[PDB]
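Novice:
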Amino acid sequence: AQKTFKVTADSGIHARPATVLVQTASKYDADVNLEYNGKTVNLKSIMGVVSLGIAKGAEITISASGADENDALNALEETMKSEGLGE
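Take any residue in the sequence shown, note its place counting from 1, add 1, and you have its number in the entry's author numbering.
1. Just to confirm, is the Cβ distance from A2 to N75 under 9 Å?
2. Would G54 be called buried (16 or more neighbouring beta carbons within 10 Å of its own) or exposed?
3. By DSSP, does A19 sit in helix, in strand, or in coil?
4. Measure how close the beta-carbons of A10 and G67 come, nearest whole angstrom, since I'm counting them as under 8 Å.
5. Mapping the DSSP letters down to three states, classify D69 as helix, strand or coil.
6. Find the nearest neighbour of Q24 within the set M48, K82, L44, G58, judged by alpha-carbon distance.
7. Would you check if the distance between the CB atom of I47 and the CB atom of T20 is smaller than 9 Å?
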């Protein structure tokens, strides 16, 4: 019920990736959260990720817990490589 992605976008994760990621996760009622720096935050938060301070060449772990938790984590995987944001 989770996965790991390798941030490769040369810039980090700010509002550009936080807006496209919050929209995809919003499509699923499951609880999608983002784990980074040993801290738990919400994938639908633009300021929450900014507090983490994610940068290029980083590692994160997504998690889903609900009814369509499976379609949410795999739906974010194709959305990442589709826009060249992570892998």
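The C-beta atom is built at its ideal place from N, Cα and C for all residues, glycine as well.
Specialist: Reading off the structure:
1. no
2. The residue is exposed, with fewer than 16 neighbouring Cβ atoms inside 10 Å.
3. helix
4. At roughly 27 Å, the Cβ-Cβ gap does not stay under 8 Å, so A10 and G67 are not in contact.
5. coil
6. Minimum Cα distance to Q24 is reached at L44.
7. yes
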